Protein chains: 2
Amino acid sequence: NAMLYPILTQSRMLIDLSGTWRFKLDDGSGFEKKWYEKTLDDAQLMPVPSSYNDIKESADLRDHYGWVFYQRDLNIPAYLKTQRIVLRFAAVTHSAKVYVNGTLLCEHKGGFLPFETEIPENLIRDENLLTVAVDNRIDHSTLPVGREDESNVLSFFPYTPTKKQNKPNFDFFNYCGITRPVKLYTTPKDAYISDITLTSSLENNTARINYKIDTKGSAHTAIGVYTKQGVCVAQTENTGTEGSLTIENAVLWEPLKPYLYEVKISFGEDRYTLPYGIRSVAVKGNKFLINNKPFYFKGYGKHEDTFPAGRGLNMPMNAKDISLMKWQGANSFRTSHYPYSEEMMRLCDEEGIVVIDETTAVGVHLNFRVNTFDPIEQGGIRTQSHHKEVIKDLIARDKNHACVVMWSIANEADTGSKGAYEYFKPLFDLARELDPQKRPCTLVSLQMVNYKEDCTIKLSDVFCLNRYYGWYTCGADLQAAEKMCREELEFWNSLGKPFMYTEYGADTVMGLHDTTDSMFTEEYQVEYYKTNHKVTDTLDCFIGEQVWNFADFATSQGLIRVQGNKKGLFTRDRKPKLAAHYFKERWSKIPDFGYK
Amino acid sequence: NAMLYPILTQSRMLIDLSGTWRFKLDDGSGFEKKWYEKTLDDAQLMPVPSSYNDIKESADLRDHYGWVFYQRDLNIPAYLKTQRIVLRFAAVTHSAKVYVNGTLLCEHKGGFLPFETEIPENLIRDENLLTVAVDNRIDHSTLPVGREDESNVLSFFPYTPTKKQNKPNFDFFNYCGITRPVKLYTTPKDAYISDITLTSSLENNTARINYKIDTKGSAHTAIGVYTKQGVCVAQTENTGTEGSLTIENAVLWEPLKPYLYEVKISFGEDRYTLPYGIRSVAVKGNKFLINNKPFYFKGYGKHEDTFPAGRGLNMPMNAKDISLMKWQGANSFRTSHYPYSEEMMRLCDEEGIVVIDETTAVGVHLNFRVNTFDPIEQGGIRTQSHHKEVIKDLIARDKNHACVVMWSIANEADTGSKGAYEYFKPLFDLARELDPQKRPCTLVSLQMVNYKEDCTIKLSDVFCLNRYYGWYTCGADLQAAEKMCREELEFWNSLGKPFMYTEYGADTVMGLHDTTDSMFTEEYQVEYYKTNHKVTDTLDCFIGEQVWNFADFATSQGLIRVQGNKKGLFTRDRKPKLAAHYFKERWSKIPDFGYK
Ligand SMILES: O=C(O)c1cn(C2CC2)c2cc(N3C=CN([C@@H]4O[C@H](C(=O)O)[C@@H](O)[C@H](O)[C@H]4O)CC3)c(F)cc2c1=O
Ligand SMILES: O=C(O)c1cn(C2CC2)c2cc(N3C=CN([C@@H]4O[C@H](C(=O)O)[C@@H](O)[C@H](O)[C@H]4O)CC3)c(F)cc2c1=O
């Protein structure tokens, strides 16, 4: 469960296994014929990390259904065997089977969170083959959810598909493969650090770090806290597993003004250094408080999506995206609709970007007659069990990030229907139990005629609304959109708790224009946002605006998707639309703290 | 009924009243307050001819519901009163009331066909005001048909519109206004030509023109036929109303090789000259014969649509469009979905472009539970009576055009439902009765699950199909599209009569690309057409391909319309997409005659 980010330390090797791997589509016989026991024959080459769907020009590759096999050679020095040898997969989408030589080492379900496995030393021969089989199939038991009929979420006349294909119950393309880096790392065999938990206490004008260090084996523990320049500001040797350290002259991590201490931990020979921002988060009344100050979210729902790697880790684009958000005056984004790479989370900690951290739970809705949360034995959704593992794993991975201020339990589940509360109650209970910082929890609310029956009202600390007044309703009638927006949002405002837009927007094709309200035009995108803001700016409990979307991104094919989703403020190659300049202006006049 | 195109002759003045007119939106009180009796107060200026919707930047103007008032001064020489004075409206969309000074002169229904009225000389004062009130409203009794609920033909969540608006039952924007020129012309008072009918007889290797000259008053008739250089090749004086003339050395009008004789007619002092192409049209077996040769249609459904005039007469664009069709190797187009201007028809006669001439009958479908052709007293469609007047007027206007080879009675009516045959039988009977050339008649068939019950099979001389295999069905599954296309078209091919595509295409945004099948991309548009052609090229009764559409054009707003309809081979400003070059290549290898 514990998943420390792998780093090069005095006690820990870090070997990146990324590069060109061999790649072979499964044809139904791949496991029967035990392809993982030899070199892949008649194979292609595929970059790792990357989604595989867009690297070639093959529609059958892009739209492949089922398994693929990745493989590479792994010839490592024998003196590594004096250490504990670990294979870390930061993400394999959606499910993986990992083989070393002929031998199945592990299997994983869930395409967006890391997993790892020791390599037993009796298995390492002189030359080794690493094989990773990757399953892309989605159904009523996976997160994200796939449809199990021939229905498309986006048809006039019915037809029989040529081949079976995944049918996403979500509005983004089903990019799969070895999405994020594969690495080999080592620790001391006999005594090593397995996890680190840090929390902050700011009471009585005294900043303290509380630590809890999880180990394997028997040794002595030490912890030191260091400034960015390397001055030790607190340290203790031969400590317990738990304790606290006072940080005199503590500098707080603040949105757009990050400060990270370096927390170095020793256990026997093992050494691990964890960056850590000191800050508090709390919901009080109708305010979202960061370091006891009333925060206003300004930003976006995002996607991990770039050409040609798809969902694949793209670190230059990560840095470019954060630079664009600072240029635009944003302070935050949400990990729509899955955990993002640790490289992104760590960069956000470094750059002072606030993150709403979301699970993989999109598509938990069977009625976009069996109801979504009917009993499984009557056709209800089969995701609750995996939904708990995802929450456990997500919090275990990201718990120490200062940038994470809120957990989002699901995106647009069927939360107005019968049984939703009972499905979601244990998941909220679990997230509150597991997060040592006890951060606020929410689910992101689907737009819905019976919004007063949204079970978010009974569960969430912040109400997060996805609303499309002026796009999916009142299209090209913004005066009607304004009225419909005000009627519903005055209800939410009357509940006295913080609420916010986590999505709102309008599909906009760069280069289409009209001085007169016309859907898909750059001007309409601006007018859409002006209309919504006319309402939200008058509501004192509305504490944040995150647009849909930061940038255009790939989706499944359909009559309402113009080469993907076009609601980005930026294009897929990160060029500003008219509305992106509109937001730079607007967000320049709105402070991070004390707007409402 | 008779509607000779107005021309300047030795006996006929022609005064164009086009230019800047005064323009005022009605507010409900325009007739009550009798605005037509004075200058329009607090008015704008509007170009005539033009649609009014896009000239300004006002959404309320663009989306106006109801009446508008146009007005201009009309100060004419008194010596005109020695002649018969006629006001000709080439088109006023959709309905008009015409006033001179205070006096209602005529009212017209039908937005795409000419109407005229004598100006009684006792009404002409020294200074005169011409007022034209124009109604844009559409319903179950107009052609084209408007919906009478709040439904859009292209909604996720229901909303109340801010204002009432026209709801077209058709896929093009409801452009209205004084669409085509307004002209004053004169004839002799006492004896003048009211209509001319010409037909051709090619039997026995002898080309003859049969004439029938309709007059008012008592005088002597003469007719002469002249070559383009002005050589008289047949003539007779003091003739009857009907007769025939042999044309020795006759040159036939042929597709892409036009020849027009000039037919000059005298009656008393009146003189009228009519261009006339000699050619035959006939359907025999599975062949469409022009001048006894098996024709293959290559071209488009079009729209009259340019920026900013909308539906308005744009003669430079007409010439540009014909130049592009010759550049692409097309030979034909259909007047989708209304009669086009006489200026276009006459230019097509001059340039050798073959025309399928279509009525205004689009939207004759109430179920895109009351059935379309239920009795009117039970909610059935109320268009049949006006549908006959439109057919009468269209044939009366266009009967002498060599370029017109086929009448299209309706576009995508509900022809697979009960009662369609009975609705359409009298209209086909009427068109065959009225056309002196007895040209083939068709209706354009909607795509429909029960296509074997399409009443076109019982009525039409050529089966004209609108099909979207690979767009509205099988989208991004072209291999399935090919199979579905072949299954249905082998049925049509098995009937042994000529059939053809009058629409097929794929929405394509210029500048969107992908080497791998992706809807809305330029490459997908090409692949869509390749797939269809794989099938049609193997069917010996398939005698023509007209794409949807020649060029992108404006529509109502909705989630599936990217700033209008994007199925053009060209953009709205006439720039070629990838598929336009594809068709230039393809149509360069397909002959006008003897392809199948
Ligand atoms: O053809 C139509 O009529 C509609 C089609 N679709 C589907 C997307 C094809 C609708 C979807 C609705 N929901 C689906 C996604 N929710 C968020 O919206 C973003 C976006 O759609 O841009 C996604 O990208 C985000 O991931 C997701 O969180 C919005 C609400 C809806 F309310 C109405 C319609 C239609 O009306
Ligand atoms: O959102 C969807 O799912 C669909 C939406 N629409 C409507 C246009 C919004 C459909 C329409 C269908 N008909 C409507 C128009 N016919 C011709 O098509 C051209 C075009 O549509 O390009 C028009 O411009 C031409 O004038 C017209 O003759 C095609 C058949 C259909 F069969 C399926 C759908 C959908 O499935």
Side-chain angles (χ1 to χ4, degrees), chain A residues 144 153-155 157 168-173 301-303 305 334 336-338 358 362-363 365 368 410-413 444-449 464-469 471-473 475 502-508 547-549 552-556 558-561 564-568, chain B residues 144 153-155 157 168-173 301-303 305 334 336-338 358 362-363 365 368 410-413 444-449 464-469 471-473 475 502-508 547-549 552-556 558-561 564-568:
Chain A
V153 63
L154 309 175
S155 175
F157 305 94
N169 210 30
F170 46 87
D171 189 34
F172 59 92
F173 182 87
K302 277 189 115 281
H303 264 292
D305 172 284
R334 175 178 54 117
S336 18
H337 300 298
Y338 38 78
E358 187 166 278
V362 55
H365 199 318
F368 256 123
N411 180 79
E412 307 202 317
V444 172
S445 285
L446 176 63
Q447 184 160 0
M448 86 151 90
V449 293
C464 292
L465 312 177
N466 291 357
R467 297 297 186 267
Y468 290 90
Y469 311 111
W471 188 257
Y472 292 123
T473 181
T502 37
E503 302 195 5
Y504 62 133
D507 283 83
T508 303
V547 302
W548 195 251
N549 185 287
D552 300 339
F553 62 87
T555 69
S556 299
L559 293 165
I560 67 157
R561 285 289 170 268
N565 186 300
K566 283 289 192 288
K567 295 194 173 68
Chain B
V153 63
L154 309 175
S155 175
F157 305 94
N169 210 30
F170 46 87
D171 189 34
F172 59 92
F173 182 87
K302 277 189 115 281
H303 264 292
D305 172 284
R334 175 178 54 117
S336 18
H337 300 298
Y338 38 78
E358 187 166 278
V362 55
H365 199 318
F368 256 123
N411 180 79
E412 307 202 317
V444 172
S445 285
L446 176 63
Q447 184 160 0
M448 86 151 90
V449 293
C464 292
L465 312 177
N466 291 357
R467 297 297 186 267
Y468 290 90
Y469 311 111
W471 188 257
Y472 292 123
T473 181
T502 37
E503 302 195 5
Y504 62 133
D507 283 83
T508 303
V547 302
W548 195 251
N549 185 287
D552 300 339
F553 62 87
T555 69
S556 299
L559 293 165
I560 67 157
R561 285 289 170 268
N565 186 300
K566 283 289 192 288
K567 295 194 173 68

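Lettering of chains follows the sequences in order, A, B, ..., and the numbering in each one begins at 1. Just so you know, ligand 1 is whichever comes first in the structure, and atom 1 is the first atom listed for that ligand.
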Using a 3.5 Å cut-off on N or O atoms only, is B:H303 in polar contact with ligand 2? no
Can you sort out which atoms of ligand 2 are near B:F553, meaning under 4.0 Å from one of its heavy atoms? 24 (O)
How close do A:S336 and A:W548 get, counting heavy atoms only, and between which atoms? OG-CZ3, 3.3 Å
Which atoms of ligand 2 are found less than 4.0 Å from any heavy atom of B:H337? 25 (C), 26 (O), 28 (O)
The option among A:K567, A:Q447, A:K566, A:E412 carrying the non-hydrogen atom nearest to atom 30 (C) of ligand 1 is A:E412
A:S445: what forms a side-chain hydrogen bond (donor to acceptor under 3.5 Å, both in side chains) with it, not counting sequence neighbours? A:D454
Under 4.0 Å from a heavy atom of B:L446: which atoms of ligand 2 are those, numbered in the order shown and with their elements? 30 (C)
Numbering the atoms of ligand 2 from 1, which are under 4.0 Å from a heavy atom of B:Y468? 17 (C), 18 (O), 19 (C), 29 (C)
dist B:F173:CZ -> B:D305:CG (nearest 0.5 Å) comes out at 10.5 Å
Counting each atom of ligand 2 from 1 as listed, which ones have a heavy atom of B:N411 under 4.0 Å away? 28 (O)
Any idea which of B:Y472, B:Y504, B:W471, B:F172 brings a heavy atom closest to atom 12 (C) of ligand 2? B:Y472
For a 4.5 angstrom cut-off between non-hydrogen side-chain atoms, does A:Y338 reach A:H303? yes
For A:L559, take its heavy atoms, then give the atoms of ligand 2 lying under 4.0 Å from any of them. 2 (C), 3 (O)
B:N466 contact mode with ligand 2 (heavy-atom cut-off under 4.0 Å): side chain
So which of B:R561, B:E503, B:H365 gets nearest to atom 25 (C) of ligand 2, if we judge by its closest heavy atom? B:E503
Is there a polar contact between ligand 2 and B:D507, counting only N or O atoms under 3.5 Å apart? no
Is the distance between the ring centroids of A:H337 and A:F170 less than 6.0 Å? no
Heavy-atom pair with the smallest gap, counting every atom of B:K566 and B:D507: N-OD2, 2.8 Å
Can you measure from OH (A:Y504) to CD (A:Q447) and round to the nearest 0.5 angstrom? 14.5 Å
At under 4.0 Å between heavy atoms, what of A:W548 touches ligand 1? The answer is side chain
With heavy-atom distances below 4.0 Å as the criterion, list the atoms of ligand 1 near A:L154. 8 (C), 9 (C)
Which distance, rounded to the nearest 0.5 Å, do you find between the CG of B:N411 and the CD of B:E358? 5.0 Å
From OG1 (A:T502) to CG (A:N466), nearest 0.5 Å: 4.0 Å
Under a 3.5 Å cutoff, is there a donor and acceptor pairing between the side chains of A:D171 and A:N565? yes
What are the atoms of ligand 2, with element, lying closer than 4.0 Å to any heavy atom of A:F157? 32 (F)
Contacting atoms of ligand 2, where contact means under 4.0 angstrom from a heavy atom of B:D171: 20 (C), 21 (O), 22 (O), 23 (C), 24 (O)
